[PDB]
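> Quick one: the structure is below, questions incoming.
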Amino acid sequence: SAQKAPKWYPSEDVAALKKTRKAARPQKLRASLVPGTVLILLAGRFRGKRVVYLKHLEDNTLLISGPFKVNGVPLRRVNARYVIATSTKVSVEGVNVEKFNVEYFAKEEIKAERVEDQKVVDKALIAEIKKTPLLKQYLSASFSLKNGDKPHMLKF
Amino acid sequence: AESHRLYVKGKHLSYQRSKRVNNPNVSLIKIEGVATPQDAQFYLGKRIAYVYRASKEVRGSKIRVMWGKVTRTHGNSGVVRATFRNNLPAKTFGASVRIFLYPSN
Amino acid sequence: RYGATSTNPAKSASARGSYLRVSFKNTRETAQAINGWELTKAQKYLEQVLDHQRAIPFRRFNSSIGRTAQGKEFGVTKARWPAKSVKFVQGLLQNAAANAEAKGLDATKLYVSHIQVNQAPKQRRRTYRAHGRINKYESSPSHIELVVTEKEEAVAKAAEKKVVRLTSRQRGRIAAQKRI
Amino acid sequence: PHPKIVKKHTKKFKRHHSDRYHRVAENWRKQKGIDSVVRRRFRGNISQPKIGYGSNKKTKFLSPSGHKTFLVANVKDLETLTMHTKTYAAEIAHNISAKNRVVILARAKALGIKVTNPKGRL
Amino acid sequence: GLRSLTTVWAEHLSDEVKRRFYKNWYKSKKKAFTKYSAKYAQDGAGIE
Amino acid sequence: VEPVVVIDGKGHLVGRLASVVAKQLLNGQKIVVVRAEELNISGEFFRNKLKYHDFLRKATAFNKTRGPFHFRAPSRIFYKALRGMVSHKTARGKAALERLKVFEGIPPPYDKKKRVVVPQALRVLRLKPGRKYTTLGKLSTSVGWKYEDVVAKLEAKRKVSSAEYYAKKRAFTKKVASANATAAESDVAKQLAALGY
RNA sequence: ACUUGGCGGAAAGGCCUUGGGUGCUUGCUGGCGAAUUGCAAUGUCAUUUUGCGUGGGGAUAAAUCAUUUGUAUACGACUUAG
RNA sequence: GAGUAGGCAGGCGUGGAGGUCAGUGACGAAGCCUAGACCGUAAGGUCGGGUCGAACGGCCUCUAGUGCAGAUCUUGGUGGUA
RNA sequence: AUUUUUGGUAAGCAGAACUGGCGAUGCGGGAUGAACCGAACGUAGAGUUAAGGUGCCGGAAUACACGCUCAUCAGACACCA
């Protein structure tokens, strides 16, 4: 005997968890995020881009696409904690976003369907945009903080 | 074109200290262009990072990042308190940090 | 046996001198003046410092000893001419060089790679002090042992790779800058 | 399964003036001086062992693995942790011969008991 | 205070004042003010 | 805000400026002070002379070398008053004072750089009209500093050349303001006056 | 990147200023491209100290010791000489 | 939930002793070395690597010439001054 | 040590009364200090405060408000110099 013997060994049978009292409720998105708003992206590949808000998803992310023919941003998920909602809104009463769900962005080069349905939504968006002056050039241009610019003072 | 900025320029002033004793867990950060606690309350809960350059490529790049978040305001004159994932090293008193516009409003 | 060496025993010869009655402090300093030299420049230097042309720079055991101009060579102010030490290490340089020839090493590239002076057991005499006291009067002999190796260039060349680990974001940005 | 292990004081409790003097070992010894700054607990001196540092009773005697270490001499001693594999980690004693380590590691993997030491003694 | 803006010499410095700049003189090649003396190659352009 | 700030030390209170500059340097903002010989101290010339003579007499008795060095220049009087307000013995303090330069007058590169002031350390903004003040140009020389009128020559030269520069810049800015005024009553100018710019 | 005349000595090492050339221009209409960095991860772009091989220009020494002197010298050092 | 003097309790460590683990061990006991590891609030315990060469350990109990930094302590050795 | 109090010119002197402290006590403050102020202490996190402060050293208003003071020996926080 290098070590004598512990007489009591614990019951290595694992216990069940207590019945958790918290069910998932639908997200309270801030009033400033209305489908059709132009969002300044804050992080990722497309940080400091201008993007167009299209749909709220099941995953509490935003289905957005700054039309690929303005800023090279495809139909994408974006987190709402990484956007600054501008006070400028494009009319989105001519786009079928009902196609897109969470399994659409299952990861599992680019798929032919994904490129064509990008072009379908892009046609409707760019038709709505070209009405308002300078808004394609705005959406084309990227965002950056300059000197004298104080985020807390800057309205959007 | 020239500008690429998507953070505010913070500076590591000091730690939370007494007249003598210091608390290296809470680091005091001065944000550029903030005056009062009212102006500072925009930046409450934001993500501050300290970007610095070592000489050894660790996992792709020689640049390393020490992450934190703004906890609350400090004093009367718009200073904030920041807590970092790992505390700051103190040799960075006067070094710049980046105050990102993460969790947004 | 023979304190830590980082050289090749196939290309080395050594020489040992145990319980040699020389000032340990003087013979440590002659050894540290001669260390990392060619054996030819070393042997010549030890005959020069016997006939008072160059001096052994005393670096560690350099307490209240007279300054000298022959120190300026070594960037010191204080140097000396330990005849006894220089003669003992000369005897051990020669004996090492003989072993290095007997094994078959080119005597031209032969450079002293290791030289170490340890302390021997102290030899015991008694002096006689005022008011009828006895004191110790101790010699501090030396354990000298040196190594001479053949010089070889073309090393390091060393060592390791850039066995890199990346994230989806890193690898994606590499794939982007390539597409650009 | 276990709660995330915390240790309130990780670094060792070195005896005062163990750094200063060689006669003094760093094996913790209570400062019983009448003027000792370590005993009187002045701002800036070393910290002393206090029961309050005591590790959580659910995380106590667990390794980083999450297994209570059990010293094992021979196969007879290993064959006691058979219904206790989620609970313990066999550790061969320092004085066991290489051939006896061959037998234990064979039996350890055959029953499915985690071991911290050998290594196979190459 | 005052500071030396520049000093200009004559091309012909005697072996007297040349000896000044050496401590083992008679081993030297005595090359002091060779290039400076050769700055008088044309109508002392560097000097004027 | 700027990478390096340049402060015109003229018409400034020594200690007040020194405190402002001492905090800037610890926060890690590179600053140069110039025209350090036109600094000001509250109270008449004689009071600050006596304050200095009280400082002069303070020396190490047993070897007057290693004792407190009494630096006489107005730049070095400011440096003393600023090094007082920083923990110069610490590595942070050494690094903090490394971000500072002080000059008697406006030398090169700074001769053609923009010069700021610190309103909370201006004599004109702070001292009650009626109170008497010192000029570090007169005090510094009365206590030892030799280069009073070397700096007066070099400043008088710089101010002649910089008056010529300004007279050319202003003569030009007349043409720029006139052409910008004749750009108004344009479609673009009315759209800008609507957006506020 | 190159030329013109200049001006700057306080730390001027920088300011102007010609003609030219060669690029870009969001002053304004166009036409393609960008996805997959997958919902963020600094997501790398600045400024130094550089030896390392290339291929071009350029120049081709001194000091120390040992010897010597005595304007100097406890020893160094100093001043000499070859 | 502080604590000198002080009391009491729970343990850690050492030389031996009775019992037990049909304990470990020349395929390497004990000892020593280890900017290697793990456990313990701690006293301490355990493991890896080296050197080494003949014994030693866990546990339940018995027993004591049982734990050192101080005694201008003892013996022996070693220094700085040098 | 505040208060009452004897001797003594007096004392960081000698001797009493009640209480609170140091001794045996760390911690925040009075720059420093056995005794003063604030608070008494297992190991941590968060929040809030005490006494004390918030020009700079130094965390924190070169805060606001009404006055006074100019000193060729200014003044600046109780015990306490």
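Quick note on naming: the chains in the structure tokens go A, B, ... in the order shown, residues restart at 1 in each chain, and ligands are numbered from 1 in order of appearance.
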As a PyMOL selection string, please: every residue in chain B that a backbone DSSP assignment puts in alpha helix (DSSP H).
chain B and resi 37-40
> Which residues are close to residue 34 of chain A, i.e. within 12 Å by only C-alpha atoms (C1' of nucleotides), leaving aside same-chain residues fewer than 2 positions away? Reply as a ChimeraX atom specification.
/A:29-32,36-39,52-56,62,64,80,85-92
> Those same residues, written as a PDB file, in the first residue's frame with N, CA and C atoms?

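Printed below is again.pdb as written:
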```pdb
ATOM      1  N   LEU A  29     -35.943  45.406 -30.031  1.00  0.00           N
ATOM      2  CA  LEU A  29     -35.056  46.261 -30.871  1.00  0.00           C
ATOM      3  C   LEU A  29     -35.408  47.729 -30.605  1.00  0.00           C
ATOM      4  N   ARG A  30     -34.391  48.558 -30.343  1.00  0.00           N
ATOM      5  CA  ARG A  30     -34.513  50.033 -30.168  1.00  0.00           C
ATOM      6  C   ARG A  30     -35.291  50.637 -31.342  1.00  0.00           C
ATOM      7  N   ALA A  31     -36.069  51.689 -31.063  1.00  0.00           N
ATOM      8  CA  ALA A  31     -37.038  52.338 -31.981  1.00  0.00           C
ATOM      9  C   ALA A  31     -36.360  52.809 -33.277  1.00  0.00           C
ATOM     10  N   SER A  32     -35.062  53.129 -33.227  1.00  0.00           N
ATOM     11  CA  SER A  32     -34.282  53.720 -34.348  1.00  0.00           C
ATOM     12  C   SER A  32     -34.033  52.707 -35.479  1.00  0.00           C
ATOM     13  N   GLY A  36     -35.538  49.522 -43.624  1.00  0.00           N
ATOM     14  CA  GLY A  36     -35.375  50.587 -44.636  1.00  0.00           C
ATOM     15  C   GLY A  36     -34.326  51.622 -44.258  1.00  0.00           C
ATOM     16  N   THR A  37     -33.803  51.580 -43.028  1.00  0.00           N
ATOM     17  CA  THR A  37     -32.821  52.564 -42.493  1.00  0.00           C
ATOM     18  C   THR A  37     -31.423  52.246 -43.035  1.00  0.00           C
ATOM     19  N   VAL A  38     -30.587  53.276 -43.197  1.00  0.00           N
ATOM     20  CA  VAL A  38     -29.157  53.141 -43.602  1.00  0.00           C
ATOM     21  C   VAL A  38     -28.337  52.986 -42.317  1.00  0.00           C
ATOM     22  N   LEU A  39     -27.642  51.856 -42.157  1.00  0.00           N
ATOM     23  CA  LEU A  39     -26.816  51.537 -40.964  1.00  0.00           C
ATOM     24  C   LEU A  39     -25.339  51.706 -41.315  1.00  0.00           C
ATOM     25  N   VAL A  52     -27.967  48.979 -46.059  1.00  0.00           N
ATOM     26  CA  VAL A  52     -29.446  49.208 -46.047  1.00  0.00           C
ATOM     27  C   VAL A  52     -30.110  48.077 -45.257  1.00  0.00           C
ATOM     28  N   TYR A  53     -30.917  48.426 -44.250  1.00  0.00           N
ATOM     29  CA  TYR A  53     -31.597  47.476 -43.329  1.00  0.00           C
ATOM     30  C   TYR A  53     -32.853  46.932 -44.022  1.00  0.00           C
ATOM     31  N   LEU A  54     -32.992  45.601 -44.071  1.00  0.00           N
ATOM     32  CA  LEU A  54     -34.026  44.891 -44.876  1.00  0.00           C
ATOM     33  C   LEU A  54     -34.964  44.064 -43.985  1.00  0.00           C
ATOM     34  N   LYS A  55     -34.455  43.360 -42.966  1.00  0.00           N
ATOM     35  CA  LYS A  55     -35.263  42.387 -42.179  1.00  0.00           C
ATOM     36  C   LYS A  55     -34.613  42.084 -40.823  1.00  0.00           C
ATOM     37  N   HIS A  56     -35.443  41.824 -39.806  1.00  0.00           N
ATOM     38  CA  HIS A  56     -35.061  41.221 -38.499  1.00  0.00           C
ATOM     39  C   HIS A  56     -35.184  39.698 -38.601  1.00  0.00           C
ATOM     40  N   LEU A  62     -29.613  41.248 -38.035  1.00  0.00           N
ATOM     41  CA  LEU A  62     -30.271  42.065 -39.092  1.00  0.00           C
ATOM     42  C   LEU A  62     -29.842  41.526 -40.459  1.00  0.00           C
ATOM     43  N   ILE A  64     -29.237  42.528 -43.827  1.00  0.00           N
ATOM     44  CA  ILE A  64     -28.932  43.818 -44.511  1.00  0.00           C
ATOM     45  C   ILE A  64     -28.205  43.505 -45.822  1.00  0.00           C
ATOM     46  N   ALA A  80     -26.934  43.944 -34.251  1.00  0.00           N
ATOM     47  CA  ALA A  80     -27.544  45.278 -34.023  1.00  0.00           C
ATOM     48  C   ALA A  80     -26.737  46.087 -33.001  1.00  0.00           C
ATOM     49  N   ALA A  85     -27.669  53.558 -36.426  1.00  0.00           N
ATOM     50  CA  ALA A  85     -28.856  53.895 -37.241  1.00  0.00           C
ATOM     51  C   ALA A  85     -28.823  55.387 -37.565  1.00  0.00           C
ATOM     52  N   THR A  86     -28.671  55.720 -38.848  1.00  0.00           N
ATOM     53  CA  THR A  86     -28.774  57.104 -39.381  1.00  0.00           C
ATOM     54  C   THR A  86     -30.267  57.456 -39.450  1.00  0.00           C
ATOM     55  N   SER A  87     -30.603  58.748 -39.475  1.00  0.00           N
ATOM     56  CA  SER A  87     -31.999  59.267 -39.469  1.00  0.00           C
ATOM     57  C   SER A  87     -32.546  59.336 -40.904  1.00  0.00           C
ATOM     58  N   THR A  88     -31.881  58.657 -41.849  1.00  0.00           N
ATOM     59  CA  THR A  88     -32.203  58.610 -43.298  1.00  0.00           C
ATOM     60  C   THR A  88     -32.690  57.199 -43.633  1.00  0.00           C
ATOM     61  N   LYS A  89     -33.868  57.092 -44.252  1.00  0.00           N
ATOM     62  CA  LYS A  89     -34.575  55.809 -44.506  1.00  0.00           C
ATOM     63  C   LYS A  89     -34.992  55.750 -45.977  1.00  0.00           C
ATOM     64  N   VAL A  90     -34.681  54.639 -46.654  1.00  0.00           N
ATOM     65  CA  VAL A  90     -35.124  54.340 -48.049  1.00  0.00           C
ATOM     66  C   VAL A  90     -36.400  53.495 -47.975  1.00  0.00           C
ATOM     67  N   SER A  91     -37.331  53.716 -48.906  1.00  0.00           N
ATOM     68  CA  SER A  91     -38.604  52.959 -49.027  1.00  0.00           C
ATOM     69  C   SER A  91     -38.285  51.503 -49.388  1.00  0.00           C
ATOM     70  N   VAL A  92     -38.815  50.554 -48.607  1.00  0.00           N
ATOM     71  CA  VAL A  92     -38.552  49.085 -48.717  1.00  0.00           C
ATOM     72  C   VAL A  92     -39.897  48.355 -48.836  1.00  0.00           C
TER      73      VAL A  92
END
```
> Write out as a ChimeraX atom specification which residues come within 10 Å of residue 79 of chain G when counting only C-alpha atoms (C1' of nucleotides), dropping same-chain ones fewer than 2 positions away.
/G:69-72
> For the residues in that selection, give me N, CA, C and O atoms (P, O5', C5', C4', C3', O3' and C1' of nucleotides) as a PDB file, in the first residue's frame.

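Final file, result-v8.pdb:
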```pdb
ATOM      1  P     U G  69      66.583  59.471 -21.483  1.00  0.00           P
ATOM      2  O5'   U G  69      65.880  60.893 -21.607  1.00  0.00           O
ATOM      3  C5'   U G  69      66.483  61.939 -22.386  1.00  0.00           C
ATOM      4  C4'   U G  69      65.514  63.081 -22.567  1.00  0.00           C
ATOM      5  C3'   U G  69      65.134  63.828 -21.301  1.00  0.00           C
ATOM      6  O3'   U G  69      66.159  64.761 -20.977  1.00  0.00           O
ATOM      7  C1'   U G  69      63.206  63.435 -22.636  1.00  0.00           C
ATOM      8  P     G G  70      66.641  64.944 -19.460  1.00  0.00           P
ATOM      9  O5'   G G  70      65.447  65.776 -18.815  1.00  0.00           O
ATOM     10  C5'   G G  70      65.111  67.089 -19.300  1.00  0.00           C
ATOM     11  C4'   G G  70      63.951  67.650 -18.514  1.00  0.00           C
ATOM     12  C3'   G G  70      64.123  67.595 -16.991  1.00  0.00           C
ATOM     13  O3'   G G  70      63.573  68.635 -16.172  1.00  0.00           O
ATOM     14  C1'   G G  70      62.170  66.447 -17.599  1.00  0.00           C
ATOM     15  P     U G  71      63.561  70.179 -16.619  1.00  0.00           P
ATOM     16  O5'   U G  71      62.306  70.260 -17.593  1.00  0.00           O
ATOM     17  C5'   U G  71      60.992  69.923 -17.117  1.00  0.00           C
ATOM     18  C4'   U G  71      60.188  71.174 -16.860  1.00  0.00           C
ATOM     19  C3'   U G  71      58.693  70.939 -16.677  1.00  0.00           C
ATOM     20  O3'   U G  71      58.100  71.887 -15.796  1.00  0.00           O
ATOM     21  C1'   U G  71      59.026  72.287 -18.557  1.00  0.00           C
ATOM     22  P     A G  72      57.914  71.551 -14.244  1.00  0.00           P
ATOM     23  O5'   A G  72      57.063  70.211 -14.246  1.00  0.00           O
ATOM     24  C5'   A G  72      55.645  70.241 -14.443  1.00  0.00           C
ATOM     25  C4'   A G  72      55.127  68.847 -14.670  1.00  0.00           C
ATOM     26  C3'   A G  72      55.294  67.868 -13.516  1.00  0.00           C
ATOM     27  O3'   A G  72      54.340  68.038 -12.472  1.00  0.00           O
ATOM     28  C1'   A G  72      56.016  66.839 -15.485  1.00  0.00           C
TER      29        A G  72
END
```
> Residues of chain B near chain A: apply a cut-off of 9 Å, count only C-alpha atoms, and supply the list as a ChimeraX atom specification.
/B:1,3-8,32-34,39-43,100-105
> Would you mind listing what lies within 12 Å of residue 127 of chain A as a count of residues only, with only C-alpha atoms (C1' of nucleotides) counted and same-chain residues fewer than 6 positions away left out?
12
> If we count only C-alpha atoms (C1' of nucleotides), what is near segment 64-74 of chain H at a cut-off of 10 Å, once residues fewer than 5 positions away on the same chain are taken out, given as a PyMOL selection string?
(chain D and resi 21-25) or (chain H and resi 13-16)
> Do a neighbour search on segment 106-111 of chain D at 9 Å with only C-alpha atoms (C1' of nucleotides), toss out local chain neighbours closer than 4 positions, and write the hits as an MDAnalysis selection string.
chainID D and resid 75 78:79 82 85 90 101:102 115
> Okay, now the selection with N, CA, C and O atoms, as a compact mmCIF listing (two decimals), in the first residue's frame?

```txt
# COMPACT_ATOMS: atom_id res chain seq x y z
N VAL D 75 -0.64 -3.45 -9.23
CA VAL D 75 -1.92 -3.69 -9.96
C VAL D 75 -3.05 -3.89 -8.94
O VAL D 75 -4.15 -3.35 -9.17
N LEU D 78 -4.18 -0.58 -7.94
CA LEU D 78 -4.84 0.08 -9.11
C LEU D 78 -6.27 -0.46 -9.27
O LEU D 78 -7.16 0.34 -9.63
N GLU D 79 -6.47 -1.76 -9.01
CA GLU D 79 -7.74 -2.50 -9.25
C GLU D 79 -8.82 -2.10 -8.23
O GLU D 79 -9.92 -2.69 -8.30
N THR D 82 -11.60 0.96 -9.84
CA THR D 82 -12.27 0.40 -11.04
C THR D 82 -13.63 1.07 -11.25
O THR D 82 -13.92 1.46 -12.40
N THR D 85 -13.49 5.85 -11.75
CA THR D 85 -12.63 6.33 -12.87
C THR D 85 -12.90 7.81 -13.15
O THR D 85 -11.93 8.53 -13.46
N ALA D 90 -5.00 7.49 -10.83
CA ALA D 90 -3.86 6.66 -10.38
C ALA D 90 -2.56 7.42 -10.64
O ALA D 90 -2.46 8.06 -11.70
N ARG D 101 6.00 -0.61 -13.88
CA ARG D 101 5.29 0.53 -14.52
C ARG D 101 4.68 0.09 -15.86
O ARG D 101 3.59 0.61 -16.20
N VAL D 102 5.36 -0.79 -16.60
CA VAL D 102 4.87 -1.43 -17.87
C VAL D 102 3.53 -2.11 -17.57
O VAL D 102 2.59 -1.92 -18.37
N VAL D 115 -3.83 8.37 -15.76
CA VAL D 115 -2.54 8.42 -15.01
C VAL D 115 -1.84 9.74 -15.38
O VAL D 115 -1.91 10.15 -16.56
```
> Would you please give, as an MDAnalysis selection string, all residues of chain D that DSSP assigns to strand (DSSP E) based on the backbone?
chainID D and resid 68:72 88:92
> Find the residues of chain F that sit at most 10 Å from chain B; for each, write down the nearest two atoms and how far apart they are in Å, to one decimal. Count only C-alpha atoms. Sort by chain, then by number going up, and give it as a Markdown table.

```
| residue | atom | partner | partner_atom | distance |
| --- | --- | --- | --- | --- |
| F:1 | CA | B:32 | CA | 7.9 |
| F:23 | CA | B:13 | CA | 9.9 |
| F:24 | CA | B:94 | CA | 9.4 |
| F:25 | CA | B:94 | CA | 8.4 |
| F:26 | CA | B:94 | CA | 6.5 |
| F:27 | CA | B:94 | CA | 4.6 |
| F:28 | CA | B:94 | CA | 4.3 |
| F:29 | CA | B:94 | CA | 7.8 |
| F:91 | CA | B:91 | CA | 9.2 |
| F:92 | CA | B:91 | CA | 7.7 |
| F:96 | CA | B:94 | CA | 9.0 |
```
> Find the residues of chain H that sit at most 9 Å from chain D; for each, write down the nearest two atoms and how far apart they are in Å, to one decimal. Count only C-alpha atoms (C1' of nucleotides). Sort by chain, then by number going up, and give it as a Markdown table.

```
| residue | atom | partner | partner_atom | distance |
| --- | --- | --- | --- | --- |
| H:4 | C1' | D:34 | CA | 7.3 |
| H:23 | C1' | D:73 | CA | 7.5 |
| H:24 | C1' | D:95 | CA | 6.1 |
| H:25 | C1' | D:95 | CA | 7.3 |
| H:27 | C1' | D:99 | CA | 6.2 |
| H:28 | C1' | D:97 | CA | 7.5 |
| H:29 | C1' | D:95 | CA | 8.0 |
| H:38 | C1' | D:63 | CA | 6.7 |
| H:39 | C1' | D:61 | CA | 6.0 |
| H:40 | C1' | D:61 | CA | 7.8 |
| H:41 | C1' | D:51 | CA | 4.5 |
| H:42 | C1' | D:49 | CA | 6.1 |
| H:43 | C1' | D:28 | CA | 7.5 |
| H:44 | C1' | D:27 | CA | 8.6 |
| H:46 | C1' | D:71 | CA | 7.9 |
| H:47 | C1' | D:117 | CA | 6.8 |
| H:48 | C1' | D:117 | CA | 7.2 |
| H:69 | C1' | D:24 | CA | 6.5 |
```
> Tell me as a ChimeraX atom specification which residues belonging to chain C come within 12 Å of chain B, counting only C-alpha atoms.
/C:161-171,173-174
> Take the selection from the previous step and output its residues with N, CA and C atoms, as a tab-separated table (two decimals), in the first residue's frame.

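What landed in again_7.tsv:
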```tsv
chain	number	residue	atom	x	y	z
C	161	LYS	N	11.26	26.94	-37.49
C	161	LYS	CA	10.35	27.34	-38.60
C	161	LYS	C	9.46	28.51	-38.18
C	162	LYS	N	8.50	28.87	-39.04
C	162	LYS	CA	7.31	29.72	-38.73
C	162	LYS	C	6.05	28.85	-38.89
C	163	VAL	N	5.93	27.78	-38.09
C	163	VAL	CA	4.77	26.83	-38.11
C	163	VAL	C	3.55	27.59	-37.57
C	164	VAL	N	2.83	28.28	-38.46
C	164	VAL	CA	1.88	29.38	-38.11
C	164	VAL	C	0.47	28.80	-37.93
C	165	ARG	N	-0.28	29.39	-36.99
C	165	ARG	CA	-1.71	29.10	-36.71
C	165	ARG	C	-2.50	30.40	-36.93
C	166	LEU	N	-3.60	30.33	-37.68
C	166	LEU	CA	-4.42	31.51	-38.07
C	166	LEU	C	-5.90	31.23	-37.78
C	167	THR	N	-6.71	32.29	-37.75
C	167	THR	CA	-8.19	32.25	-37.60
C	167	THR	C	-8.83	32.44	-38.98
C	168	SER	N	-10.13	32.14	-39.10
C	168	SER	CA	-10.96	32.34	-40.32
C	168	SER	C	-10.77	33.77	-40.86
C	169	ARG	N	-10.66	34.75	-39.96
C	169	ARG	CA	-10.55	36.20	-40.26
C	169	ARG	C	-9.17	36.49	-40.87
C	170	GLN	N	-8.12	35.93	-40.27
C	170	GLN	CA	-6.71	36.03	-40.77
C	170	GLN	C	-6.63	35.44	-42.18
C	171	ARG	N	-6.98	34.15	-42.31
C	171	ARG	CA	-6.86	33.34	-43.55
C	171	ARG	C	-7.71	33.97	-44.66
C	173	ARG	N	-8.47	37.22	-44.91
C	173	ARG	CA	-7.78	38.49	-45.29
C	173	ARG	C	-6.56	38.16	-46.16
C	174	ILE	N	-5.90	37.02	-45.93
C	174	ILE	CA	-4.76	36.53	-46.77
C	174	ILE	C	-5.30	36.19	-48.17
```
> G:1, G:59, G:35, G:41: which is nearest chain E, counting only C-alpha atoms (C1' of nucleotides)?
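Checking each candidate against chain E, we get G:59 as the closest.
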> Residues of chain A that have any atom at most 12 Å from an atom of chain G: could you tabulate them with the shortest-distance atom pair and the distance in Å to one decimal, using only C-alpha atoms (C1' of nucleotides), ordered by chain and increasing number, as a tab-separated table?

```
residue	atom	partner	partner_atom	distance
A:41	CA	G:40	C1'	10.8
A:42	CA	G:40	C1'	8.8
A:43	CA	G:40	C1'	5.9
A:44	CA	G:40	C1'	6.1
A:45	CA	G:37	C1'	5.4
A:46	CA	G:37	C1'	9.0
A:47	CA	G:40	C1'	10.0
A:57	CA	G:39	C1'	11.4
A:59	CA	G:39	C1'	9.4
A:60	CA	G:39	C1'	9.7
A:61	CA	G:39	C1'	6.8
A:62	CA	G:39	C1'	8.8
A:63	CA	G:39	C1'	10.2
A:64	CA	G:39	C1'	11.5
A:65	CA	G:35	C1'	10.7
A:66	CA	G:35	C1'	11.8
A:67	CA	G:35	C1'	11.4
A:68	CA	G:34	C1'	7.8
A:69	CA	G:34	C1'	8.7
A:70	CA	G:34	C1'	9.7
A:71	CA	G:34	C1'	7.7
A:72	CA	G:34	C1'	4.6
A:73	CA	G:35	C1'	6.9
A:74	CA	G:35	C1'	5.3
A:75	CA	G:35	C1'	8.2
A:76	CA	G:38	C1'	8.6
A:77	CA	G:39	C1'	5.7
A:78	CA	G:39	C1'	5.0
A:79	CA	G:39	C1'	5.1
A:80	CA	G:39	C1'	9.0
A:81	CA	G:40	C1'	9.4
A:82	CA	G:40	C1'	7.7
A:83	CA	G:40	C1'	11.3
A:102	CA	G:39	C1'	11.5
A:104	CA	G:38	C1'	11.4
A:105	CA	G:38	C1'	7.7
A:106	CA	G:38	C1'	8.8
A:107	CA	G:38	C1'	6.6
A:108	CA	G:38	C1'	10.2
A:109	CA	G:36	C1'	7.2
A:110	CA	G:36	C1'	6.8
A:111	CA	G:36	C1'	9.7
A:112	CA	G:35	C1'	11.4
A:114	CA	G:35	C1'	9.1
A:115	CA	G:35	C1'	8.2
A:116	CA	G:35	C1'	11.9
A:118	CA	G:35	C1'	9.6
A:119	CA	G:35	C1'	11.9
A:137	CA	G:26	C1'	9.6
A:138	CA	G:26	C1'	11.7
A:140	CA	G:26	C1'	11.5
A:141	CA	G:26	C1'	10.2
```
> Keeping only C-alpha atoms, write the selected residues to a file as a tab-separated table (two decimals), in the first residue's frame.

```
chain	number	residue	atom	x	y	z
A	41	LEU	CA	-21.38	49.08	-39.91
A	42	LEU	CA	-18.93	49.22	-36.91
A	43	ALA	CA	-16.87	45.95	-37.18
A	44	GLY	CA	-16.03	42.90	-39.39
A	45	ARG	CA	-14.68	42.90	-43.00
A	46	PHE	CA	-17.15	45.74	-43.93
A	47	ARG	CA	-16.41	48.06	-40.91
A	57	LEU	CA	-34.07	37.48	-38.34
A	59	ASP	CA	-31.34	34.90	-34.49
A	60	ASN	CA	-31.89	38.60	-33.38
A	61	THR	CA	-29.43	39.65	-36.19
A	62	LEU	CA	-30.27	42.07	-39.09
A	63	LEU	CA	-30.57	40.81	-42.72
A	64	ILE	CA	-28.93	43.82	-44.51
A	65	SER	CA	-27.46	44.44	-48.01
A	66	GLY	CA	-25.89	47.73	-49.08
A	67	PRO	CA	-26.73	46.88	-52.72
A	68	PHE	CA	-23.67	44.93	-54.08
A	69	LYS	CA	-23.54	47.40	-57.09
A	70	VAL	CA	-23.00	50.42	-54.67
A	71	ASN	CA	-20.48	49.21	-51.96
A	72	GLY	CA	-19.71	45.46	-52.69
A	73	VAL	CA	-21.65	44.31	-49.53
A	74	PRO	CA	-23.72	41.13	-50.22
A	75	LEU	CA	-26.92	39.92	-48.42
A	76	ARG	CA	-25.41	39.45	-44.93
A	77	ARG	CA	-26.17	38.91	-41.22
A	78	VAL	CA	-25.09	41.91	-39.02
A	79	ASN	CA	-25.41	42.25	-35.18
A	80	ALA	CA	-27.54	45.28	-34.02
A	81	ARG	CA	-24.98	46.10	-31.22
A	82	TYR	CA	-22.48	46.95	-34.08
A	83	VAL	CA	-24.57	49.53	-36.11
A	102	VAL	CA	-31.44	31.47	-40.49
A	104	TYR	CA	-30.02	30.44	-45.55
A	105	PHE	CA	-26.67	31.36	-43.79
A	106	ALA	CA	-25.81	27.76	-42.67
A	107	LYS	CA	-22.03	27.69	-43.49
A	108	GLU	CA	-21.67	23.81	-43.66
A	109	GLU	CA	-16.83	29.61	-54.48
A	110	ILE	CA	-20.15	31.62	-54.24
A	111	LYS	CA	-23.46	29.72	-54.97
A	112	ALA	CA	-25.36	30.62	-58.23
A	114	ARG	CA	-27.19	33.27	-53.76
A	115	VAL	CA	-25.76	35.54	-56.56
A	116	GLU	CA	-29.06	35.68	-58.62
A	118	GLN	CA	-28.82	39.09	-54.53
A	119	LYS	CA	-29.44	40.63	-58.04
A	137	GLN	CA	-22.86	58.40	-53.65
A	138	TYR	CA	-23.51	58.42	-49.82
A	140	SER	CA	-20.93	54.27	-52.06
A	141	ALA	CA	-18.73	56.32	-49.60
```
